[PDB]
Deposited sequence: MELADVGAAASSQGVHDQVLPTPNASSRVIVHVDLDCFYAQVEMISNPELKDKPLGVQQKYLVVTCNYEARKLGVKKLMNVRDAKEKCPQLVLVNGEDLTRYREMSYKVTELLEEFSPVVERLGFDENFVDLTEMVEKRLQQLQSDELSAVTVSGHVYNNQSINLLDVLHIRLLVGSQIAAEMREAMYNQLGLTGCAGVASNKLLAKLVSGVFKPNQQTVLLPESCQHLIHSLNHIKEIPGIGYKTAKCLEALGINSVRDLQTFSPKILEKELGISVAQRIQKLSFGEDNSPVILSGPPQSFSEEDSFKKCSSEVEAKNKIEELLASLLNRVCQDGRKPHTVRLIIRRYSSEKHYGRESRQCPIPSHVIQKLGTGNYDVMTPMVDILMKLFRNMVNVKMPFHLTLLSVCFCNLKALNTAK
């Protein structure tokens, strides 16, 4: 139980893909999906004309005045397609980890080894790769690790074929020996393709990054910190003093981000299984007076009730969340959590009143059901 083969699958322009499948007339047209004033994502025809992901509508329509826009506020169809994808991959190997609605990690290590024991001592010389080899690295067919990664590339090609034939969806895959590297290498050939990373190329891939914010796991906060410390490239982070860093971000945050700077990441792929919460949200900037706005709370509820329902399990907790306006409080949401009374779990009319009183102990409103059973 040492060397792993992991694949990271990452779909193309996910919400746009789903909209292009719904209305074929949007294909071959530059297409953005809009949520409020945000073009959250756009198909590849639109990225040709300069549309980037997460541009405001304005910036997007003066970079490209001909861009089609569809509303993507309601996530229901993206969410349903996201679970179809995960459940397809779970069929190849049960332990599938989701990240957001369009990425899945799968530990192929068992599956690769069982294919290897199926091949006789001969056809092992005919193993080839499927897709690109990062940094155009030469393969050595006598290196057991290259062999396993290539079988891994083949599983990846079958998963993406299946996603295409069964669900109509294209995407990218990255095959590597842990999750960090599979997820970095899945973006190297962007549109609907796959890349495999051999160990000799690990430092090349990790040094190809131009800022430590690009390392999955280093966020808006830790990045700003690392800077204030003159740590700007991945190599600065690799060479920086362990102690200074230990004693500045916690043992935890420090010992881990420094591993990742090397390309080292031992986190297992975890079975995501069913969601741990179900929430809906609404944005409406400056609209919530402060009592004329609980209706809103009923809207949220309406959908939520249907969703939480359907799963099977019932939630044992309810939560209410807000924010408010003046200057750029860069972070500042508030919430009040409470247990859902047992009579109520077995509908609307009291829920509402749990929320209303929760709302009282109290730009934007949401409701979250959590603690499912």
| item | value |
| --- | --- |
| Deposited residues absent from the coordinates (by C-alpha) | 1 to 24, 371 to 378, 395 to 403, 415 to 420 |
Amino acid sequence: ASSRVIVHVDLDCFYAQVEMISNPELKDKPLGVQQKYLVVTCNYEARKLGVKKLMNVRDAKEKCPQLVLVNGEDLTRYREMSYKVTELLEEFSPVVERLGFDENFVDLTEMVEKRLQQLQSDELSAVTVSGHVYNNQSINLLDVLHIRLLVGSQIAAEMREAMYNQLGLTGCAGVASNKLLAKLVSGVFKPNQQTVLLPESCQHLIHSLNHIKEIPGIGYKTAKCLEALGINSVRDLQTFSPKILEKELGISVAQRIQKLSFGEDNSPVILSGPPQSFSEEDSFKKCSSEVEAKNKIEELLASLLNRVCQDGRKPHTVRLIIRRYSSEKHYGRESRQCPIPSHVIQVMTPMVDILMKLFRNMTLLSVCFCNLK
From here on, numbers count along this sequence of modelled residues.
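Note that the rigid core is defined as the largest set of C-alphas that superpose within 1.5 Å between two forms.
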{"query": "Higher C-alpha RMS shift from the shown form in 9 other deposited structures of this protein - 286 to 294 or 193 to 201, rigid core fit", "finding": "286 to 294"}
{"query": "Higher-deviation stretch (C-alpha RMS, rigid core fit) in 9 other deposited structures of this protein, choosing from 347 to 355 and 8 to 16", "finding": "347 to 355"}
{"query": "Unmodelled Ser327 in at least one third of other entries with both flanks present", "finding": "yes"}
{"query": "Residue stretch of maximal mean CA temperature factor, 261 to 269 vs 181 to 189", "finding": "261 to 269"}
{"query": "Selected stretch [higher average CA B-factor]: 143 to 151 or 208 to 216", "finding": "208 to 216"}
{"query": "Most elevated Cα B-factor in the entry, residues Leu99, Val133, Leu249, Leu167", "finding": "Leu249"}
{"query": "Top residue by Cα temperature factor, when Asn43, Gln310, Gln35, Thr317 are compared in the entry", "finding": "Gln310"}
{"query": "Lowest, middle or highest third - CA B-factor, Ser283", "finding": "highest"}
{"query": "Record-listed C-alpha B factor of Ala126: chain third", "finding": "middle"}
{"query": "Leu119 - Cα temperature factor, lowest/middle/highest third of chain", "finding": "highest"}
{"query": "Position of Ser93 among the chain's modelled residues by C-alpha B-factor, lowest, middle or highest third", "finding": "middle"}
{"query": "Ranked C-alpha temperature factor of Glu113 among modelled chain residues, by third", "finding": "middle"}
